[PDB]
Structures are given as structure tokens and as C-alpha cells.
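Undergrad: Turn this into a model:
(6 chains, ligands or ions: 5)
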Amino acid sequence: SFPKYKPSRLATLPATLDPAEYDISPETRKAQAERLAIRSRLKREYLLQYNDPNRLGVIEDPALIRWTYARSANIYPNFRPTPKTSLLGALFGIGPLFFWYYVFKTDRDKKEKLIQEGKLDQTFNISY
Amino acid sequence: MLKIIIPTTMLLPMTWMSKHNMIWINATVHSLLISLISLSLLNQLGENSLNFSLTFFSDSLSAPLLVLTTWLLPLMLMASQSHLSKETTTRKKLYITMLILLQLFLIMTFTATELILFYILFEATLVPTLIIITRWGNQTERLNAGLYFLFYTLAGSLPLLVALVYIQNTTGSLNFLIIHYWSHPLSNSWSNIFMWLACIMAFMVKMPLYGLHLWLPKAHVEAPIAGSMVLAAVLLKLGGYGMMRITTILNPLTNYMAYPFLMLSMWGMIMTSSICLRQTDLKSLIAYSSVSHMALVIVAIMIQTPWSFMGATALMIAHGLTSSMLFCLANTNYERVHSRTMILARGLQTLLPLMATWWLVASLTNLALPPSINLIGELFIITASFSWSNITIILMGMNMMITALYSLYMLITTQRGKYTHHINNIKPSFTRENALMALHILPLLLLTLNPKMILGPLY
Amino acid sequence: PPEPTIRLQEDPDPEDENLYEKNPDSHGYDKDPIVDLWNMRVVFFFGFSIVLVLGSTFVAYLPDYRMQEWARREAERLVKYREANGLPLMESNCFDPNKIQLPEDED
Amino acid sequence: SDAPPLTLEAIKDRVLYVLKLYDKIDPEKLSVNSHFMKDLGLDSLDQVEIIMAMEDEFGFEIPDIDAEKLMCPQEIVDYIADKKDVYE
Amino acid sequence: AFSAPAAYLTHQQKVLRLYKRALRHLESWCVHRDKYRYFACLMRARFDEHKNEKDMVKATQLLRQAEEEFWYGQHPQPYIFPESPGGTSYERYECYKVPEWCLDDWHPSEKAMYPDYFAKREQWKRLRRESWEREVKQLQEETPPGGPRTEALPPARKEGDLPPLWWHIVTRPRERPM
Amino acid sequence: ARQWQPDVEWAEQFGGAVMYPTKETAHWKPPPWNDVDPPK
Ligand SMILES: CCCCCCCCCCCCCCCCC[C@@H](O)O[C@H](CO[C@H](O)CCCCCCCCCCCCCCC)COP(=O)(O)OCC[N+](C)(C)C
Ligand SMILES: CCCCCCCCCCCCCCCCC[C@@H](O)O[C@H](CO[C@H](O)CCCCCCCCCCCCCCC)COP(=O)(O)OCC[N+](C)(C)C
Ligand SMILES: CCCCCCCCCCCCCCCCC[C@@H](O)O[C@H](CO[C@H](O)CCCCCCCCCCCCCCC)COP(=O)(O)OCC[N+](C)(C)C
Ligand SMILES: CCCCCCCC/C=C\CCCCCCCC(=O)O[C@H](COC(=O)CCCCCCC/C=C/CCCCCCCC)COP(=O)(O)OCCN
Ligand SMILES: CCCCCCCCCCCC(=O)SCCNC(=O)CCNC(=O)[C@H](O)C(C)(C)COP(=O)(O)O
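TA: Residues are numbered from 1 along each chain as shown, chains lettered A, B, ... in the order given. Ligands and ions are numbered 1, 2, ... in the order given. For reference, the structure is listed below:
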């Protein structure tokens, strides 16, 4: 017996210790076959487009354009106001502002009060 | 001043009667000649100003911005010379006409001894920019970007007109000299609060302030190259110049009306610096960097101390030059790649070494490296804000670290690494692009020798 | 469905024209070699040679209108006079008290 | 660096030198075209051990997918030459 | 790197890979040669004792505790060859590999030097130009309907034919271009 | 490599009777090209 390796979000389970590929069924083999098939189809298309002597440009990648469009220009049309989204927006967009305002207001009030009492020793503070 | 305004006007008939294959040469030569004439304005005196006449006056705040505005136009022409090759003669002449009109409006704006004339030209600077963005733009989102840029500005600036005419009705004059000499305190009242908001919001929307910056990434991304540089270099400084001119009548209300804007800017600098880290686009990244720097300038202006004003002016000039250079480099990359994506083209330093050097220098300058004027303005604002409150140093240091991080990320992703295999149209860089980068960067390293020329009137 | 699947009549998207292929030494300015070369010449001459150097020297040698040396000399004379006569250097009141009139409170 | 430009005959000599010190196989019977599973009767684990020995001796490591399908000294020499870009 | 992969790894391949990794990490643990040989022989002995097992359920039951034991004693700082994907000089020279097509952008003054090299370059370009036209048709007629199932490419079958998609494998820059 | 310009699909947005079509105005028809209606 040996201590077990407990995976986490930032330290994933190794492939060797994973149990999915030890419980092998014919449908799993079929799935791996289809995955390799589509991957090889994409690879063949790319290689056909890549070794062409006539081509003198950049091979357009549909995956990259799709990723960029999803990241940038498709966020709002799929956005819906929900309690989770609304709460997260209110918190992350309002809380820091008021927190910093309170901190700076308190600090400046304390400094001004000390100035009014005159017990601050502002000697040599010429530049401001 | 007319020795500057008149030649800029004569640039239009000069362009329109030029031969079909010699417009660029004439425009560039005479724009450079005009810049030399503008150099004379830099010799300011410790006294009031160079009051040329009843309509135009020049200060040591207007002089650096005027010189930068006159210097930018040749660079805009050299940048636009590339993608306008297949354009008809009439449309190229119209493009040069729009650029010349923009320069003329900016020149008349920056002096503008009267505030209503300043506002009129400040809104006049909006038409040629909108035409440039919506006409000579590549993407299909240029229309929405133009609408956003128009309406965000106009909604903020419309109450400013009412505030100005009200001030003229009560005070009796809007001449800046009379306004400065006859200034009186603003009592703490709701009417005075709304006057403050009306007079401030019009300039804060254009800077832009965090929360009203949504128009800037769109306008910078969808615009052509020349529109991008004129937006990032000069058009952003209009708000700060107006704010530093107009805060002379808002005292002592500002002493407590600056809190929302100070908090918004000091948090939005961090937010946009963080946003720059996770970006799939180059022009968007540069636009967000500009937003961060302008937020720092907003903080400096709202602090209202001599060191704040000096640092604000220095940062204005430095950021203008740096952002123009970065947009130039991004455009040169996009012209060969035709994609405008950061990770699509990699390892370009192996193929284009000199452009890699220009990228490194621009990133270092953006990184606020000493003794460049970027860090001079940065450090002046940091010290002034520290005097304002000792806790601001945390936010400013966080901003500095994130700025370094995203600048070097931009450099590394596009320059270092292994080149992309399926791109074989990376032709060697032309002399035009190298000259453009050199003319962008050399003035910065030259101004670092004579900082007093860009430190503003409170030097 | 006998539709042509063509939405409209359009030219094919033209391919980018390399400026080096038809003209080495291309300078990236114009496709006409003579106009291109002269554009490069005037840009380099008026940008680097005329503005960036002559203007830099002109700004370097600008006359001192800000009155820095004048202020130094005035401060030197003031300090010498006040040290020689035992005056306390800088004065706390910017404006003399006699000229100023303060409204009486009597509260 | 001062590394000599190793050539095909040098690679073959080194391969045969490593193999001849593997006492499971007799030096006289082995040839450059000899097999491993059939002509020499070696186990799969034995072949892995030979591959690791050449790995250690040549200073570069062979990926498993390419190491598991090398069965003759000649094709091992060819693989090493292709890796190291040898002309002749 | 050269050979195309299969959709899955057989039990034999898993056992062989585990054996290689275990021997490598044992060598890393046992610095000296005699100790390494002794413990490698011991590991081979403990590795071949289940060589002749017949049922696959028990064999799959094994090679699981074996992997767990390997993960427990894996020497968290193993030895990596300098050119390996973890080595000290993995991608050291990847900044010196300039693509071949860059030579098409050279100035004629630069091409004046090395004339014979550029003549051979034109010959190679013509060869590629004809070979591509032949290869596209050969690959089109050879692939099964519905798309390829594995990324293995066929060799050249006729006399004057060349292997399909050869230009970017033949014209790799070098191992150490500079 | 080409500046985007509106196509037929983009132009059809302004071809309706009014902008922002709704359920009530879905059955409205654009006026005839010449301002003449059939005599019926
Ligand atoms: C060894 C020397 C080293 C230093 C060299 C310094 C050279 C500096 C040259 C650059 C000058 C910058 C331009 C300055 C323009 C501002 C001043 C200008 O507006 O003044 C005008 C006068 O300008 C001059 O007359 C013309 C100068 C224009 C040309 C400058 C020299 C370089 C020109 C290069 C052009 C291209 C050369 C050829 C290329 C092929 C009008 O003066 P005015 O308001 O009445 O003066 C009233 C006061 N008065 C009565 C005492 C006179
Ligand atoms: C969203 C992106 C950024 C956009 C711009 C943001 C900046 C706008 C924020 C406006 C700045 C402050 C506004 C008012 C400041 C005055 C201080 C006041 O708020 O505090 C208390 C005032 O009490 C209450 O606040 C009264 C006002 C309450 C109603 C105002 C709306 C509050 C929430 C609305 C937020 C919406 C902002 C965005 C609109 C689109 C003090 O009470 P009191 O000492 O007796 O009165 C002081 C004024 N006196 C001396 C002249 C009499
Ligand atoms: C390629 C490898 C290197 C080759 C180069 C080797 C040579 C090394 C030299 C490079 C830097 C070394 C440092 C040497 C500095 C000495 C010169 C310096 O001292 O002069 C400065 C003067 O330089 C100028 O002030 C700075 C240039 C002016 C900036 C204007 C930019 C040009 C216009 C272009 C448009 C601007 C766009 C932005 C508008 C704001 C400082 O002036 P100052 O110490 O006080 O006294 C001058 C003399 N006085 C006493 C008579 C007054
Ligand atoms: C990017 C979008 C930004 C939108 C900016 C819009 C908000 C700008 C701030 C308010 C604008 C209107 C202010 C009015 C112009 C100033 C004129 C003035 O100061 O005169 C006041 C008049 O003050 C007013 O009339 C103000 C009325 C405001 C009505 C319109 C309300 C608009 C929205 C108010 C809230 C917005 C504030 C925050 C906006 C944040 C940005 C979204 C003095 O009144 P007297 O008649 O002289 O009285 C003296 C005798 N006792
Ligand atoms: C320091 C780190 C220590 C790590 C320790 C690791 C654990 C060591 C103990 C491992 C336990 C086992 O053997 S797990 C045993 C796994 N099950 C089997 O081996 C059944 C049949 N084996 C085969 O068929 C193979 O192909 C074979 C015949 C071996 C070769 O064949 P070749 O003819 O093609 O060479």
C-alpha cells in the first residue's frame, strides 16, 4: 500500500493513474477510432493546403477565428441578467470603489484633523 | 499665430492642385516644413503667456501639444501611404483634406483664448474623425464604432455649452485671462454642484474616464491607421487640456467633488491594466493601455498640485508618442498578416530583426523606463498622489507591475518563440516603416534631454 | 432549387501586390521607381536632416526667456544683502502688515 | 563545441560496438541487417534495453513510438542519421 | 515524432513504456553504474515474473499498482537529456532556424553571392512543382471514401513519382543551423 | 485584403415599411415605387 495521489485543479490526475482507460469496452475503442479519424481528416486538409507551391499566403484557420469571435464579439448577445450575474456584477464593480473611497476618506479625514490640531510636524514639506 | 494657421489652410489648395502621382510628396514636405515653423512657439517665458492677439494666445501648456500636433501629420501621411495604393485620386485627396482639416481644428483649439471658441473647435474636431473612421475602415463594425464615438462625446459635451453660456451670463466674460484673474470661490450648493458636473463631465468622457471608456476600444480598433494615431496621440489630450484649463473656476468645490472620479480612475487603471493581460487582439490591447495612462492623468489633474500638473503634461506628451508608435508597429504587422490577432504570427524577430528592435524600444518606453519622459511624468504623479494620501502608492505600484507584465507579454508573444510555419508572405520591412518608427522614437529620446520643454506652466 | 447560389455579381478578392517582386529596392513608398526614390529622399532630408537636427539645435540654444539666471542673480544679491546686514533671510509675511487692513471683530 | 561531424560509417561502427558487448547475442552471428525478434530470438524487453543502451551511448533519447518499431541495426543507424542530419 | 500514432495503445505498449520509465528513474536514483546494473537486473526479474500470465483481467489489475508504485517513487527530479522536451537545451537553437522560403526575398545583390546554390535551388523548385501535381492526384485516388482514418501517408509507387507531401519534411532547416 | 462594403443581406434591413418590425406592423406593405395605387 502507498499513499494516494489526490488531484486538484492546478495539479491534474496523471494519465497513468487515471482509471478510464483501464475499463475498456468496444464503444470506447470506437470513440477513439472516430477521434483519430476526424483528427487525421483535419491534418490531411491542413497538409494539402500547406505544401501547395501555388499558395503564397496565410492558411486561414476557422478554429482561431471562431475562438476570437466567441471571446470578443459574442459575449453580449448571449448575456442574460440572472441573480448570479447581477450579484457578481454589482459586487465586483461597486464594492472595490466604495472600499477604496472609504479608506481614502478616513485617511484624509485623520490627516486633516491632525493638521487642524497642528500636531503633524510638517517641517521641510516644501514641495507638494 | 497666423503664421501657423495660414500655411495649414494653404495645404488644402496645394493638395488639390497637385499632380496625381505627387500628392504624398508635397503633403509630407510641407507638413514637415510647418512643424519647423511651430518650433518657435516652444520658447515660453516664466510670465503670463505669448498673447498674440485678442483671439489666440499660447502658453507653455499649449506649446508642447501644438508642436506634437504639427509633427504628427507627416507621420500620418507616411502611415496612410500604404493601404491607399489602390485608391482613386479624388478619394486620396479627400483623405488628405480630412487630415489637414483635423490638424487645423486642433491648432485652433489648443490656443482659443475664449472658452466658447474653444468649445466650438473642440466639437468641430469630431466631424473629420468620424468621416475617417466610418469611410476608410476595413471591418464592418466601423459604423457602430463611429456612432459610439460620436454619441459618447456629444452627450457629455452638450451640457458644457449650457454651463459656458450660463457662466458668461453671470461672470460677464469667458476670456481665459479674465476668467483666471477674476476667479471667485464656488459655494457649496446643489446648483454649483451641477455646474461643476456639467463643466467636468464633457472633458472626462473624452479622456476617457473608467466606466465611460467603451467607445475607445471600438474607435481605435475599427479606425484606419491614421485615425488610430490621431485618436491615441492628440484627441485624447483634448479632455485633459480642457480640464486643466477649466479647473480654475471650480475651486474649492473640487476639494470634495473629486472623490468619485479619483476612485473611479485609481481603480480603473488597475482594471484596464489587468484587462490588457488577457487580450486576443493587439490594437485592443494598446487601446486599453491608453485608457490606463489617461486614468493616471485624470488622477493627476484632479489632485491639483504643481507636481501633478507637471507630471500630467509630461505623461500626455510621452503617452501620445508611445501610443502612436505602438499603433504604427501593429499596423505594419497587420498589413503583412491581414488577420490582426496576437498569437497568429509568432517569432517575427527571426525574420524581421530591425522591427524587433523597434518593438523592444517601444515596449521599454511604454514600460516607463528611466530616464524617459514616460517615467518622469509617472514619478511626478506618484509623488503628488503620495502627498495627497500615503495609501495611493499601493494602487500605483500594482499598476506599474501590471504595466510591465502586459508590455513584455506583448513583446514576447509577437517577437520571441518559434515562427508560425504556414505564413510565407513576411516580406522584408520597407524603408518607409523603419523611417516611421525612427521618427516616432527619436523625439522621445531627445526630449528626455530637455524635460523643461514639456513640464507645463507650473515648472 | 435551381438558384445559382450566387447572391450577387462581385469581383474576386484580389491578392496583395508585392512591391519587391516587380521592383527590388522598393523603399515601400510608391510603385513608380523615380517618384518612389524621390519621396524617400525628401522624407529623409526634411525629417531627419532639417527638422530633427536643426530644430533640435534651435530648441537647445533657445534664449533664456524663463529668467532662470536672472532669478539666480537676484537671489544671490538678496541673500548677500540680508546676510551682511543681519536680516533674517526669507520673510514670513509676503505682504507688509501696515498696508493690509483687517476688519475688526470686537467679539 | 569542437564536436567532430559524425558520419554514417562511424554511427554503424558505434552501433555494432554497443551490440557486440550485449552478451545475450553472439558477435559472430550478428550482422548489420540482422533482425532482433526472429534472427536473434530477443525478447521485447531485451529490445527496449538495447534501445536504452543506444540512447545512453549517443547522448540523445528516442521517443517511444519510434523506439518500439526499430528492429535492425541498419534502421537504427538510419534513424540516428536522420535525427542528426548526416550527409554521408 | 516521425511515426504517426494509433488510436490507442495496446497492453504491450503500456507495459514497455512503464518498463522504460521505471528503468530511467531507477538509474536517476542509483547514480553509480554498478548499483544501477544490480537494481536494473532486480527490477527486470520482478518485472518478468508475470510475463506468462494468460487472463487479461488480472494483467490489467496489475500494471495499476505498478503505476501507483512508480508514481510514489518517481524521483521528483529525474534525469532529462539536454535535447529532450525537459532538457536544459530543449529549444535552444529554435531561434536560428530560418525557413527556406525566406531565400525567395533576398535582394539580387545578395543572390549574386552563392550563384550555384541558387541554381540548385531553382532545380529543386521545379522538381517540387511537378511532383506536387502528381502527388495531389495520387493521394486523391489512393485515399478511401469518407476521409482518411489514420495520418499515415503512402510512399511513391510509380517510377518517376515522389512521396506525397514531401517538401516540408525534406527541407527542414537543420538540427543546428548556426 | 478588401474593405468591407454592404451586401444584399445588409441592405434588406432598410427595405421594409418601417424600422424595428413588430407583430402589429408585420403585415404592412411598402408603398409602390410610383405613388399610384391600383384602381381596384
Ligand atoms: C551654427 C548654427 C547652429 C544653430 C542653427 C540654428 C538654425 C535654426 C533654423 C530653424 C529655425 C526654426 C524656425 C523658426 C520659426 C519661428 C520664428 C519665425 O516665425 O520668425 C519669422 C522670421 O523667419 C525667418 O525670416 C525665416 C526663417 C525660415 C527658415 C529657417 C531656416 C531653415 C529653413 C530651411 C528651409 C528649407 C531649406 C532648403 C531645402 C531645400 C518672423 O519673424 P517676425 O515675427 O517678423 O520677427 C519680429 C522680431 N524682429 C523684428 C526682430 C524680427
Ligand atoms: C457610471 C460611470 C461613471 C459616471 C460618472 C460618475 C460620477 C457621478 C457621481 C456624482 C458625484 C457626487 C454627487 C453629489 C455629491 C454631494 C454630496 C452628497 O452626495 O452627500 C450627501 C448628500 O445627501 C444625499 O446624497 C442627497 C442626494 C441623494 C440623491 C442623489 C442620487 C444618489 C444615487 C444615484 C447614483 C446615480 C449616478 C449615475 C446617474 C446616471 C451629504 O448630505 P448634505 O451635507 O446634507 O448635502 C451636501 C450638499 N450641500 C452642502 C450643498 C447641501
Ligand atoms: C548608433 C550608435 C551610437 C552613435 C552616436 C554616438 C554619439 C553619442 C551621443 C548620444 C547621446 C549622448 C549624450 C550627450 C548630450 C549632450 C547634449 C546636451 O547636453 O544638450 C541638451 C540640449 O538638447 C536639446 O535641449 C534637446 C532636443 C530638443 C527636443 C525637440 C525635439 C525635435 C523636434 C521634433 C518634434 C518633437 C515632437 C514632440 C513635441 C514635444 C541639453 O541642453 P542643456 O544641458 O540645457 O544646455 C545646452 C547649452 N546651453 C547651455 C547653451 C543652453
Ligand atoms: C457619457 C454620458 C455622460 C452624461 C453627462 C450628463 C450629466 C452632466 C451633469 C448634469 C448636466 C446638466 C447640468 C445643467 C448645466 C449647468 C447649468 C447650471 O449650473 O445652472 C444651475 C442650474 O442647475 C440645474 O438646473 C441642474 C438641473 C439638472 C437637470 C438635468 C438632469 C440630468 C441628469 C442629472 C444626473 C446626472 C449626474 C451624473 C451623471 C453621470 C454620467 C452618466 C444654476 O441654476 P440657477 O437657475 O442659476 O439657480 C440660481 C438661483 N438659486
Ligand atoms: C523507482 C521506481 C520503481 C518503479 C517500480 C514499478 C513496478 C515494478 C513491478 C511491475 C509489475 C509488472 O510487471 S505488471 C505485469 C503486466 N502484465 C503482463 O506483463 C502480462 C503479459 N505481459 C506481456 O505480454 C508483455 O508484452 C511482456 C511479456 C512483459 C513483454 O512482451 P514482449 O515479448 O513484447 O517484450
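Undergrad: Can you get me a residue count around residue 50?
TA: You didn't pick a chain, so chain A it is. The burial count assigned to residue A:50 is 16, neighbours taken as other C-beta atoms under 10 Å in any protein chain shown. C-beta coordinates here come from the backbone N, C-alpha and C atoms, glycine included.
Undergrad: meant chain D actually
TA: For residue D:50, the count of nearby residues is 21 (other C-beta under 10 Å).
Undergrad: who touches the closest residue to chain B within chain C in this structure?
TA: Scanning chain C for the residue nearest chain B gives residue C:28, at 2.3 Å (criterion: C-beta to the nearest C-beta). Applying C-beta atoms under 8 Å, 6 or more residues apart in numbering or on different chains to residue C:28 gives the contacts B:82, B:429-433, C:19.
Undergrad: Reformat those as a markdown table; add secondary structure, neighbour count and distance to residue C:60.
TA: Shown next, in a markdown table, are those (DSSP: H, G, I helix; E, B strand; the rest coil; neighbours: other C-beta atoms under 10 Å in any protein chain shown; distance: C-beta to C-beta, whole Å):
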| residue | secondary structure | neighbour count | distance to residue C:60 |
| --- | --- | --- | --- |
| B:82 | coil | 18 | 34 |
| B:429 | coil | 18 | 32 |
| B:430 | coil | 19 | 32 |
| B:431 | helix | 16 | 28 |
| B:432 | helix | 23 | 29 |
| B:433 | helix | 22 | 29 |
| C:19 | coil | 20 | 39 |
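Undergrad: Pick the one among those closest to chain A.
TA: Nearest to chain A among the contacts of residue C:28, with distances taken as C-beta to the nearest C-beta, is residue C:19, at 14.4 Å.
Undergrad: Isn't that closest one up against residue B:431?
TA: No: assessed by C-beta atoms under 8 Å, residue C:19 is found out of contact with residue B:431, at 11.0 Å.
Undergrad: Over to residue D:52: give its phi and psi.
TA: Main-chain torsions, residue D:52, degrees, to the nearest 10: phi -70, psi -30.
Undergrad: now it: how far from chain C?
TA: As judged by C-beta to the nearest C-beta, to the nearest Å, residue D:52 and chain C stand 52 Å apart.
Undergrad: ok, now how distant is that residue from residue D:61?
TA: Using C-beta to C-beta, to the nearest Å, we find residue D:52 at a distance of 9 Å from residue D:61.
Undergrad: Counting neighbours, which bits of the host helix or strand of residue B:333 end up buried?
TA: Residue B:333 belongs to helix B:306-337 when assigned by DSSP states H and E. Neighbour counts over helix B:306-337 (16 or more other C-beta atoms under 10 Å in any protein chain shown) mark B:306-334, B:336-337 as buried.
Undergrad: Report whether that helix contacts ligand 3.
TA: Yes: Helix B:306-337 is in contact with ligand 3 by C-beta under 6 Å from any ligand atom, via residue B:317.
Undergrad: Skip ahead from that helix and say which helix or strand is next.
TA: That would be, after helix B:306-337 and using DSSP H and E, helix B:348-351.
Undergrad: So which elements touch that following helix?
TA: Where contact means 3 or more C-beta pairs under 8 Å, 6 or more residues apart in numbering or on different chains; DSSP states H and E, helix B:348-351 is packed against helix B:353-366, helix B:392-415.
Undergrad: Alpha carbons of the shortest one, as CSV, please.
TA: Extracted in CSV, the C-alpha atoms of helix B:353-366 (Å, rounded to 0.1, in the frame of the first residue of the first chain):
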residue,chain,number,x,y,z
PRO,B,353,15.3,41.9,-36.7
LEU,B,354,15.1,45.7,-37.0
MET,B,355,11.3,45.7,-36.4
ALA,B,356,12.1,43.6,-33.4
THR,B,357,14.4,46.3,-32.2
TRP,B,358,11.7,48.9,-32.7
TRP,B,359,9.2,46.7,-30.8
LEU,B,360,11.7,46.4,-27.9
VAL,B,361,12.3,50.2,-27.8
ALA,B,362,8.6,51.0,-27.9
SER,B,363,7.8,48.4,-25.2
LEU,B,364,10.5,49.8,-23.0
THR,B,365,9.3,53.3,-23.4
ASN,B,366,5.7,52.2,-22.7
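Undergrad: quick one: is that helix near chain C?
TA: No: applying C-beta under 8 Å from any C-beta of the partner chain, one finds helix B:353-366 separated from chain C by no less than 12.5 Å.
Undergrad: then the helix or strand that that helix is followed by to CSV, C-alphas only?
TA: Downstream of helix B:353-366, the first helix or strand assigned by DSSP H and E is helix B:373-388. The C-alpha coordinates for helix B:373-388 follow below in CSV (Å, rounded to 0.1, in the frame of the first residue of the first chain):
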residue,chain,number,x,y,z
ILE,B,373,9.8,61.3,-20.0
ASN,B,374,7.2,58.5,-19.5
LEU,B,375,8.8,57.7,-16.1
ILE,B,376,9.3,61.4,-15.4
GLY,B,377,5.5,62.1,-15.7
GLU,B,378,4.7,58.8,-13.9
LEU,B,379,7.0,59.5,-11.0
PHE,B,380,5.8,63.1,-10.6
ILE,B,381,2.2,61.9,-10.4
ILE,B,382,3.2,59.2,-8.0
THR,B,383,4.9,61.6,-5.6
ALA,B,384,2.0,64.1,-5.9
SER,B,385,-0.6,61.3,-5.1
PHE,B,386,1.6,60.1,-2.2
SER,B,387,1.4,63.6,-0.8
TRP,B,388,-2.3,63.5,-1.3
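Undergrad: so what's residue B:172 up against?
TA: Residue B:172 neighbours (C-beta under 8 Å, 6+ apart): none.
Undergrad: From ligand 1, how far out is it?
TA: Between residue B:172 and ligand 1 the computed distance is 33 Å (C-beta to the nearest ligand atom, to the nearest Å).
Undergrad: So what does residue E:101 look like in phi/psi?
TA: The phi/psi pair for residue E:101 (degrees, to the nearest 10) is phi -60, psi -20.
Undergrad: Report whether residue B:273 is found in a helix, as I expect.
TA: Yes: counting by DSSP: H, G, I helix; E, B strand; the rest coil, residue B:273 is part of a helix.
Undergrad: Quick check: it touching residue B:407?
TA: No: with contact defined as C-beta under 8 Å, residue B:273 does not count as touching residue B:407 (10.1 Å).
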